[PDB]
């Protein structure tokens, strides 16, 4: 790939190959609570996922993805700022080199250890992820900040699956899992129009950032960093980090559901 998180192909250099990197709707961003607008037209977030839609876990070199079958509405996101139903298709994480950083979004300048992203595409208006991916209202991603602390038992199935996809390109069946079990108890959120946090960086994401964080232990984070970005047989290259720095709001307004 022509992009990554290293010095030469990293976030700071993405604009060379992907000009949109310097766009007006880029993510992640720093959420300044003193500037958020408490909107009353925002309904509660509603998620209903079918564990049978879980399909496969894949090492994609810079991270790993857990994909879901998206041929129907068995797993969907509704409510919040949406009028359309969004179909679940994947969830993944972002982490940093050390516990000091790792999340992509930040709140009042505070950086967390990792971040969970649960992605969905607008099946009410579009026919596929491919079509929806580049549409302004095509994607909806829930972001959950992960604060280093007690080990999180709900991450167990995901963590135990990593040993089967250690190197780039490896993939394995990952079934019977409901990602709503990874979300915090409260679904109060912030929302703003943004983009994918890595190439192609399409500004097609309506973000849903949870106010409440979830926990993750230092050892669990070590497991993410123990994944390898190289292909089997080559010198091991640990996946140390994959979080993009926060970008300028460019006048966008972050709304709060609380």
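Positions refer to the first chain, counted from 1.
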property	result
63-71 set against 39-47, stretch whose average Cα temperature factor tops the other in the entry	39-47
Stretch with the greater mean C-alpha B-factor as recorded in the entry, comparing 229-237 against 213-221	229-237
C-alpha B-factor winner, where the candidates are 179, 143, 80, 96	80
Where the record places residue 104 (Cα B-factor, split into thirds across the chain)	lowest
Among modelled residues of the same chain, the CA temperature factor third for residue 123	middle
B-factor third for the C-alpha atom of residue 155 within its chain	highest
For residue 84, the third of its chain into which the C-alpha B factor falls	highest
Ranked C-alpha temperature factor of residue 139 among modelled chain residues, by third	lowest
